[PDB]
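protein-v8.txt (compact mmCIF, C-alpha atoms and all ligand atoms)
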```txt
# COMPACT_ATOMS: atom_id res chain seq x y z
CA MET A 1 156.35 52.81 139.68
CA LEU A 2 157.45 56.39 139.02
CA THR A 3 155.79 59.23 137.12
CA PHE A 4 157.83 62.28 136.08
CA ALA A 5 157.50 65.29 133.79
CA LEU A 6 159.92 66.13 130.98
CA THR A 7 160.11 69.63 129.58
CA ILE A 8 162.03 69.90 126.32
CA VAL A 9 163.41 73.18 125.00
CA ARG A 10 165.36 73.97 121.83
CA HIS A 11 168.34 76.33 122.35
CA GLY A 12 168.02 80.03 121.43
CA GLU A 13 169.11 81.62 118.15
CA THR A 14 172.83 81.05 117.71
CA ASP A 28 180.34 75.55 118.78
CA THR A 29 178.86 79.10 118.47
CA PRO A 30 177.28 81.00 121.39
CA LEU A 31 173.77 82.52 121.38
CA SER A 32 173.06 85.75 119.54
CA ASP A 33 171.57 88.74 121.39
CA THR A 34 168.16 87.64 120.13
CA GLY A 35 169.07 84.13 121.37
CA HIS A 36 169.73 85.44 124.89
CA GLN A 37 166.38 87.25 124.86
CA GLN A 38 164.50 84.17 123.65
CA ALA A 39 166.13 82.15 126.44
CA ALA A 40 165.27 84.83 129.07
CA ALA A 41 161.67 84.92 127.81
CA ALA A 42 161.51 81.11 128.11
CA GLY A 43 163.14 81.31 131.57
CA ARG A 44 160.50 83.83 132.69
CA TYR A 45 157.78 81.60 131.25
CA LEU A 46 159.12 78.59 133.16
CA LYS A 47 160.06 80.47 136.37
CA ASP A 48 157.50 78.87 138.74
CA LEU A 49 158.44 75.33 137.76
CA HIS A 50 160.65 73.25 139.97
CA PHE A 51 163.06 71.31 137.76
CA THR A 52 164.57 68.56 139.91
CA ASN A 53 166.94 67.50 137.08
CA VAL A 54 168.47 69.32 134.12
CA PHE A 55 170.10 67.69 131.05
CA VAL A 56 171.76 69.63 128.24
CA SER A 57 173.88 68.92 125.17
CA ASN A 58 177.60 69.79 125.49
CA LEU A 59 177.20 72.62 122.91
CA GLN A 60 177.53 76.19 124.19
CA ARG A 61 174.32 77.44 122.60
CA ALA A 62 172.39 74.78 124.55
CA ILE A 63 174.36 75.27 127.80
CA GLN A 64 173.73 79.06 127.69
CA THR A 65 170.02 78.53 127.06
CA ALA A 66 169.85 76.17 130.06
CA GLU A 67 171.88 78.63 132.21
CA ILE A 68 169.53 81.48 131.30
CA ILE A 69 166.42 79.38 131.98
CA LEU A 70 167.81 78.38 135.41
CA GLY A 71 168.98 81.94 136.20
CA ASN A 72 165.37 83.04 135.72
CA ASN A 73 163.85 80.18 137.75
CA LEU A 74 162.45 80.65 141.27
CA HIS A 75 162.75 77.06 142.55
CA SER A 76 165.61 75.21 140.91
CA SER A 77 168.72 76.78 142.50
CA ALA A 78 169.89 73.50 144.02
CA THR A 79 169.56 71.54 140.77
CA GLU A 80 172.83 70.71 138.98
CA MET A 81 173.06 70.83 135.19
CA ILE A 82 174.25 67.56 133.61
CA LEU A 83 175.96 67.77 130.19
CA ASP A 84 175.10 64.80 127.98
CA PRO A 85 176.68 64.42 124.49
CA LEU A 86 173.74 62.10 123.60
CA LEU A 87 171.71 65.34 123.28
CA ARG A 88 173.97 66.83 120.57
CA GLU A 89 172.51 67.94 117.23
CA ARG A 90 172.31 65.52 114.31
CA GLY A 91 175.80 65.48 112.69
CA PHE A 92 175.35 67.13 109.27
CA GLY A 122 176.54 62.85 107.89
CA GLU A 123 174.62 61.15 110.70
CA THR A 124 171.47 59.31 109.60
CA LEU A 125 168.03 59.91 111.14
CA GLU A 126 168.16 56.36 112.54
CA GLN A 127 171.50 57.09 114.27
CA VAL A 128 170.01 60.22 115.89
CA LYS A 129 166.98 58.18 117.02
CA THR A 130 169.31 55.61 118.56
CA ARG A 131 170.97 58.40 120.54
CA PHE A 132 167.57 59.47 121.86
CA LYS A 133 166.73 55.84 122.77
CA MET A 134 170.00 55.69 124.70
CA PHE A 135 169.25 58.99 126.36
CA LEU A 136 165.83 57.69 127.47
CA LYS A 137 167.47 54.56 128.96
CA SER A 138 169.86 56.80 130.91
CA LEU A 139 167.00 59.11 131.93
CA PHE A 140 164.77 56.35 133.29
CA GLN A 141 167.69 54.84 135.27
CA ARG A 142 168.70 58.25 136.68
CA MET A 143 165.15 59.19 137.72
CA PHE A 144 164.44 55.78 139.25
CA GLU A 145 167.79 55.72 141.13
CA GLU A 146 167.45 59.25 142.48
CA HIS A 147 163.70 59.54 143.15
CA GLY A 148 162.70 55.91 143.65
CA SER A 149 159.36 54.17 143.60
CA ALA A 150 157.67 55.68 146.69
CA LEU A 151 157.28 59.23 145.37
CA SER A 152 154.77 59.47 142.49
CA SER A 153 153.47 55.93 142.43
CA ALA A 158 145.07 57.28 130.66
CA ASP A 159 142.86 60.35 130.92
CA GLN A 160 143.50 63.85 129.58
CA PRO A 161 145.94 66.00 131.66
CA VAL A 162 144.80 69.52 132.57
CA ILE A 163 145.86 71.81 129.73
CA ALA A 164 144.99 75.44 130.40
CA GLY A 165 147.57 77.00 128.07
CA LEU A 166 149.86 77.71 131.06
CA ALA A 167 153.54 76.87 131.76
CA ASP A 168 152.71 74.12 134.27
CA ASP A 169 150.23 72.29 131.97
CA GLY A 170 150.17 68.55 132.71
CA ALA A 171 152.73 68.87 135.54
CA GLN A 172 150.84 70.72 138.29
CA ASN A 173 150.88 67.63 140.54
CA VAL A 174 154.05 66.02 139.20
CA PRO A 175 156.91 66.74 141.62
CA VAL A 176 159.67 65.02 139.62
CA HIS A 177 160.40 67.24 136.61
CA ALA A 178 163.38 67.06 134.24
CA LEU A 179 164.43 69.79 131.84
CA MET A 180 166.14 68.75 128.54
CA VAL A 181 167.75 71.46 126.42
CA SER A 182 168.75 70.27 122.97
CA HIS A 183 168.72 70.91 119.20
CA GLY A 184 166.03 71.18 116.54
CA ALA A 185 166.60 68.08 114.45
CA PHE A 186 167.33 65.92 117.51
CA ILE A 187 164.15 67.11 119.28
CA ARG A 188 162.02 66.54 116.19
CA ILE A 189 163.34 62.97 115.87
CA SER A 190 162.90 62.41 119.64
CA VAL A 191 159.21 63.45 119.49
CA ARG A 192 158.60 61.08 116.56
CA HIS A 193 160.14 58.27 118.57
CA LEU A 194 157.99 59.06 121.66
CA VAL A 195 154.76 59.42 119.67
CA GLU A 196 155.16 56.74 116.99
CA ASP A 197 157.54 54.04 118.25
CA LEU A 198 156.31 53.88 121.88
CA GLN A 199 152.89 53.56 123.55
CA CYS A 200 151.87 57.20 123.65
CA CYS A 201 148.82 59.30 124.53
CA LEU A 202 148.02 62.65 122.96
CA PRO A 203 145.40 65.08 124.32
CA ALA A 204 142.17 66.43 122.79
CA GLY A 205 142.55 69.10 120.09
CA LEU A 206 146.27 68.65 119.43
CA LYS A 207 146.73 68.54 115.65
CA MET A 208 149.21 65.97 114.33
CA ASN A 209 150.53 68.78 112.12
CA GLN A 210 151.64 70.58 115.28
CA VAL A 211 152.91 67.37 116.89
CA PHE A 212 155.36 66.79 114.00
CA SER A 213 156.18 70.45 113.32
CA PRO A 214 159.80 71.70 113.47
CA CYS A 215 160.70 73.28 116.81
CA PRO A 216 161.29 77.08 116.95
CA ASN A 217 164.22 78.49 118.95
CA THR A 218 163.33 78.04 122.62
CA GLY A 219 160.17 76.16 121.56
CA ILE A 220 158.88 74.16 124.55
CA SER A 221 157.42 70.62 124.62
CA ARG A 222 156.18 68.45 127.48
CA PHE A 223 155.68 64.72 128.05
CA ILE A 224 154.71 62.85 131.23
CA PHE A 225 156.36 59.45 131.70
CA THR A 226 155.32 56.58 133.90
CA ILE A 227 158.01 53.94 134.34
CA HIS A 228 158.41 50.69 136.24
CA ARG A 229 160.94 47.88 136.51
CA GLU A 230 159.77 44.92 134.43
CA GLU A 231 162.09 41.87 134.60
CA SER A 232 164.97 44.06 135.91
CA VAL A 233 164.59 46.41 132.93
CA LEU A 234 163.01 49.84 133.32
CA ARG A 235 160.21 50.43 130.82
CA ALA A 236 157.72 53.24 130.25
CA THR A 237 154.19 51.98 130.89
CA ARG A 238 152.57 55.29 129.85
CA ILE A 239 153.79 58.31 127.96
CA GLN A 240 151.45 61.31 127.79
CA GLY A 241 152.13 64.21 125.40
CA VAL A 242 150.98 67.50 126.87
CA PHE A 243 152.05 70.25 124.47
CA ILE A 244 154.50 70.42 121.56
CA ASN A 245 156.69 73.28 120.29
CA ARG A 246 154.93 75.93 122.36
CA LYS A 247 156.20 79.46 121.77
CA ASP A 248 153.68 81.71 123.62
CA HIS A 249 156.66 83.31 125.42
CA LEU A 250 157.96 84.76 122.12
K K B 301 152.49 54.99 119.16
K K B 302 144.79 63.51 120.33
```

Could you take the file, read its structure, and then write that structure out as structure tokens?
Amino acid sequence: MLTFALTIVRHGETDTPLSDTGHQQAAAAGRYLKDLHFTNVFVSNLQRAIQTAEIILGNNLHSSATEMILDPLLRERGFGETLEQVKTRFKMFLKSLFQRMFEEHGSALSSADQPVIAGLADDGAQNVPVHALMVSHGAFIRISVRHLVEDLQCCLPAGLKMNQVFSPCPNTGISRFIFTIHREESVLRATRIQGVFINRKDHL
């Protein structure tokens, strides 16, 4: 059994690079996330996402030894790719994610009540040492959240409006889920998924 945190961030304002505003959004998000240790980083192959990830990491106090992995599965919906096709890509990404986390961190590391949500950057992950950062695109992230919340067994905390849960993500909007996974019949499955916060933009 392994529990890990996933922080999800939409790229900054924009294979185009970030705008100047984009850079500043990403730096603000980096400063917001600076005291978090990301043990793993995953990012779409698109420059706007890579630069956002680079800026977040360049502002981080703990994650210097963490390598950024580019994953095409995180690319934006092809504008024409169906919503189901995008969801399938997220399902494939999750499969990859569980396997990677289990292989690297194993089952002797972090082995359904409300997480502690204080409106701070480390909400729900204070005591969760394994923490992955995913930097991706707005339509993909929206579809990914629907999948996590609707299609899978999922917990959502007190006072979180469904309107917010399903809202479109702002540039550098931040979301967080906590996953618990275990190997059932040789296949890795999530036993619990806990939503913490969705599309947070306090840093803007
Ligand atoms: K559900
Ligand atoms: K709830």

Select from chain A every residue with an atom at most 8 Å from any atom of ligand K 302 (chain B), then for each give the shortest pair of atoms and their distance in Å to one decimal, using all atoms listed in the file, rows by chain and rising number, as CSV.
```
residue,atom,partner,partner_atom,distance
A:201,CA,B:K302,K,7.2
A:202,CA,B:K302,K,4.3
A:203,CA,B:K302,K,4.3
A:204,CA,B:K302,K,4.6
A:205,CA,B:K302,K,6.0
A:206,CA,B:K302,K,5.4
A:207,CA,B:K302,K,7.1
A:208,CA,B:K302,K,7.8
```

*asked:* I want to know what sits within 8 Å of residue 174 (chain A), based on all atoms listed in the file, with residues of the same chain fewer than 6 positions away left out; could you give that as a list in words?
replied: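 Skipping anything fewer than 6 positions along the chain leaves residues 3, 4, 5 and 152 of chain A.
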
_Of the listed residues A:70, A:198, A:185, A:46, that which approaches residue 249 (chain A) most closely, counting all atoms listed in the file_ = A:46

*State, in Å with one decimal place, the distance from CA of residue 62 (chain A) to CA of residue 182 (chain A).*
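That distance, rounded to one decimal, is 6.0 Å.
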
_Selection near residue 214 (chain A), 7 Å with all atoms listed in the file, sequence-local residues under 2 positions removed, as a VMD selection string_ = chain A and resid 184 188 212 216

*Mind listing whatever residues come within 9 Å of the point (169.0, 84.8, 123.7)? Use only C-alpha atoms, file coordinates, and give them as a PyMOL selection string.*
chain A and resi 11-14+31-41+64-65+68+218

*Hey, which residues come within 8 Å of ligand K 301 (chain B) if we count only C-alpha atoms and all ligand atoms? Could you give them as a list in words?*
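Those within range of ligand K 301 (chain B) are residues 194, 195, 196, 197, 198, 199, 200 and 201 of chain A.
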
*Work out how far apart CA of residue 135 (chain A) and CA of residue 67 (chain A) are and give it in Å to one decimal.*
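Between these atoms lies a distance of 20.7 Å.
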
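The two atoms in question, CA of residue 221 (chain A) and CA of residue 10 (chain A), are spaced 9.1 Å apart.
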
Can you tell me, as AutoDock Vina command-line options, the centre and edge lengths (Å, one decimal) of the axis-aligned box enclosing all of region 8-38 of chain A's listed atoms after padding each side by 5 Å?
```
--center_x 171.2 --center_y 79.3 --center_z 122.0 --size_x 28.3 --size_y 28.8 --size_z 18.6
```

*Minimum-distance residue to residue 133 (chain A), chosen among A:178, A:86, A:75, A:224 (using only C-alpha atoms)*: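 Once distances to residue 133 (chain A) are computed over only C-alpha atoms, the minimum belongs to A:86.
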
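Proximity to residue 51 (chain A) at 8 Å, evaluated using only C-alpha atoms and with sequence-adjacent residues fewer than 4 positions away removed, yields residues 75, 76, 79, 176, 177, 178 and 179 of chain A.
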
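When only C-alpha atoms are used to measure the gap to residue 149 (chain A), the shortest distance among A:66, A:74, A:228, A:48 belongs to A:228.
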
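Every protein or nucleic acid residue with an atom no more than 7 Å from residue 170 (chain A), counting all atoms listed in the file and leaving out same-chain residues fewer than 5 positions away, appears here: residues 161, 162, 163 and 242 of chain A.
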